[PDB]
Amino acid sequence: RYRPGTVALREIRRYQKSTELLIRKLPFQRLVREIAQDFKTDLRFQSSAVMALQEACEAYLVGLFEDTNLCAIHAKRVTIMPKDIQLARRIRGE
Amino acid sequence: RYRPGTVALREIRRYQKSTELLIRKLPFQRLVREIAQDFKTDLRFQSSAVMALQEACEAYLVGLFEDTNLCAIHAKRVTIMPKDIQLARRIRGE
Amino acid sequence: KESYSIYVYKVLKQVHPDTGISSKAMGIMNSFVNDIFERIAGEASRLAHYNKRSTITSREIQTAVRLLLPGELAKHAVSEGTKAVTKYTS
Amino acid sequence: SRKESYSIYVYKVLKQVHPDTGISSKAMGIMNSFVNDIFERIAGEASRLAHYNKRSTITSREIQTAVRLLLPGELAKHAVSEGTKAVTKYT
Amino acid sequence: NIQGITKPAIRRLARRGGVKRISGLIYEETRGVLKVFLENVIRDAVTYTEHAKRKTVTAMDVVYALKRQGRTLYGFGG
Amino acid sequence: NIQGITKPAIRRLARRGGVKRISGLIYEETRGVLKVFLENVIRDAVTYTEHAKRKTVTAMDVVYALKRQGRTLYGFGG
Amino acid sequence: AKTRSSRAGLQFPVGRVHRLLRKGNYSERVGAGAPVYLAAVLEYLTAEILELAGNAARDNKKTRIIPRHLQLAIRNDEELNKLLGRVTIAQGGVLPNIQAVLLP
Amino acid sequence: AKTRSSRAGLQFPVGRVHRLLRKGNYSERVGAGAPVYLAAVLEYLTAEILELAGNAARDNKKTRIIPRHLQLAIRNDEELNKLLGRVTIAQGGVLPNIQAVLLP
DNA sequence: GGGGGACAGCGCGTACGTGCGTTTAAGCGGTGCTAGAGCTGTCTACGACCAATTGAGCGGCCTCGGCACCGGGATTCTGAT
DNA sequence: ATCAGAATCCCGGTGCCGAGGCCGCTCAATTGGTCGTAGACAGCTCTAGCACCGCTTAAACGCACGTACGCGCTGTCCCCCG
């Protein structure tokens, strides 16, 4: 049995040394369509439009998780919590 | 004697109500000239140019201290330290 | 020089007939008008070229104000612009 | 419908710096986006400089100043050298 | 549809961000900030689509929306 | 000349920022941060001055420099 | 002579706005309605800030608007604070704000 | 006949760059040296990135540059990173970076 | 100079990493349809321009009454007791 | 509480000095005719997005379980506040 943390660090090295999208495509596509429905109805989407949204969202969330981690370490913790996400966004101006 | 913190909070209340510049003008002017000397020699400065620089710098330091303060509180501290300034700037992208 | 001082004062009398304004506050207002003017015109420009158009219409301005201005400020600004164009055309 | 791009020029420069190295279509798209982006930044700053000085013409001087303002540290130093050399050779 | 962003997916994004240990309340928080981000980009992209009198959001519409929100994306025509 | 930014001045800036307690190492850190900020703005302002073939940095040069670094200033002619 | 401003029922200058659009290197051509629309929108924004700033002046026992009043009007409302996020009002100061944990 | 790119000794298109400056309407007029200067700068920047990206490709034993190699070249260079700070490279991934407190 | 906040040590114990085989549905490839993007042609209705103008906008000049800041009195802060 | 005493509100005065009221006038906005050309719009077309279907299979899931990291509690010592 690997000690808590060992497999987590192995996953960090796997995902940092790779470039693929980490959100499942079909569920993400459904979310994009559902959100766009509130702005206009019967909206079509080029497949490349949805993929461009995917790429930007994943990049944004990875970048936010990096800053959230720094906030947690600053509070002498190794666990990220909502207060860390909130601080990062507040300082970023979001 | 007022307990440590009482006069500090009174000063916060006074400076957050005022809009005057908090850095002495003549020392600031000297700093601006000396920094500009490294870019171009025999540089003259409009009086309003130095005032524009002072207004921007003070607004930058006040904004940064706000973000620094919020990072100290995140570490459960009431005292700002260099690590707080460093985190704020890192998250801001500076 | 040219400034928007006269027009800012005219609008100040309409909203607040007994209220004046300092020269420093007037300078802030002039900077504000110039800044927003530039944001809108620049977005309208990009929006024209992106649709391969050579002409800046009220449609480009409306869309720029529909992207720049937040929430209800866009709603009211669009109403004001549409009313002005309608009155002008008649 | 013909859509112009900088692909041919990216390929030419690649073959000069690394003769045995190719490039994927995805990587080519990144390079095209990069050139277009930098081109907008420089031209837009040069446009501002001209209007700020009441001038109607964007010249090599405006481009050089824009390059100083946008490119950081030594990227500006070398970019200015390249631009100056090209103008001298062209004249 | 927001639940389609599963906990494993949010863990993978955190792993790429270098995060080892995650609280259980992070998943709902992340879903929230993702929704806000997507809404803001999609709103602007649809505005561009409507201005072009189109019924199909193009990759260019998304690229323009990202560019104006200061999140320039390279690789979709930039 | 950087020492002209005295501890009391830095304290006043912190008080406006809502800071109640300050460590002794903050004063030197703040001086360094201010120096970097000033250098960056003055560099660009002087570039504008040299482009105008002027020997005097104008308020407009400073305003333009701040604008391009995303710190738009109102009150000095733009 | 009925000024385009008077034709649109506006206090802001349509003719000047038209010239600034034509000389501002924005496009090759400018429609007749574009300056009218821009002038209106721009005047709406000025009215909104001035109304809120005049209220702040009256609250502070003053009859003249100063940069402080403008800062108070902008920073204490969401949409105006968002629009002018990356902006600094000279001699505007800041909003009185102390973290609750710092309170006695 | 000699093309303006060949007269400037450049691989980038001076004639196309001139047209794109003239039809941005970025100004009323465009000098003859402006497109030459701009083309040379664009060429220099592309060469720098491609050189660094080709090195990254060789260090992963690849003969074709992919977005990953471009991301590696830009993020590993302080100046290129600073120039392309608010840029996202599609399929570029991230630098391998783990905070020391999280390690074994 | 003093005193109260930062730091250290620790119990502890409960929040969450790991497995495991379970319960879910992503996704990849195929099948047809057709909303609609985009091209081609036109006609043309709105803008650029040219020439006279005139009436607001702006430089200049004054008077004023709004407000910076002076002296007094008050009340509610806060610390010693 | 309990009072001492600064800190801060608040009131009448003041003069003075920037804001606004007011004059002179000029040049840039206006009015009106002519040209042209951009784009508003009708039809075509065939491209791409969409809905639907089979099968699969890799991924999400619940919970049982260990454990170690998050935080409450105590004690110190000396750094900043005044």
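Each position is counted from 1, following the chain as shown.
Each Cβ is built from the backbone N, Cα and C atoms, and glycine gets one as well.
Residues annotated as ubiquitin cross-link in Swiss-Prot, with experimental evidence given as evidence: G:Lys2. As annotated by Swiss-Prot, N6-(2-hydroxyisobutyryl)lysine applies to G:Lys23, G:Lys61, G:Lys62, G:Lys82, with the evidence given as experimental evidence. Feature annotation from Swiss-Prot assigns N6-(beta-hydroxybutyryl)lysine to G:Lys23, G:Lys82; the stated evidence is experimental evidence. Residues or ranges marked as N6-crotonyllysine in Swiss-Prot: G:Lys23. What Swiss-Prot lists as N6-succinyllysine is G:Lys82, and the listing cites experimental evidence. Annotated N6-glutaryllysine per Swiss-Prot: G:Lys82, in sequence order. Residues or ranges marked as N5-methylglutamine by Swiss-Prot: G:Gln91.
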| query | Taking the modified residues one at a time (G:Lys23, G:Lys61, G:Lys62, G:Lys82), which has its Cβ surrounded by the most other Cβ atoms within 10 Å? | reply | G:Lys62
| Is there any among the recorded positions G:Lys2, G:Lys23, G:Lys61, G:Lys62, G:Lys82, G:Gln91 whose Cβ is under 8 Å from chain E, and which ones, in sequence order? | none
| query | Between G:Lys62 (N6-(2-hydroxyisobutyryl)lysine) and G:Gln91 (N5-methylglutamine), what is the CA-CA distance rounded to a whole number of Å? | reply | 17
| note | The correct three-state DSSP answer for the residue listed as 'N5-methylglutamine' is coil
| What Cα-Cα separation, expressed in whole Å, is found between G:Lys2 (ubiquitin cross-link) and G:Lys23 (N6-(2-hydroxyisobutyryl)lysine)? | 24
| recorded positions (G:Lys2, G:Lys23, G:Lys62) in Cβ proximity to chain C, threshold under 8 Å | none
| request: Ten-angstrom check, please: count other Cβ atoms within 10 Å of the Cβ of G:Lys2 (ubiquitin cross-link), all chains counted. | output: 6
| field | Proximal to chain B - recorded positions among G:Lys2, G:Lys23, G:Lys61, G:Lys62, G:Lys82, G:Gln91, CB under 8 Å | value | G:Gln91
| message | Using only C-alpha positions, which one of G:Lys23, G:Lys61, G:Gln91 is spatially nearest G:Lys82 (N6-succinyllysine)? These are the modified residues in the record. | response | G:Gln91
| query | At the Cα level, what's the spacing in Å between G:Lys61 (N6-(2-hydroxyisobutyryl)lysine) and G:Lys23 (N6-(2-hydroxyisobutyryl)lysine), rounded? | reply | 44
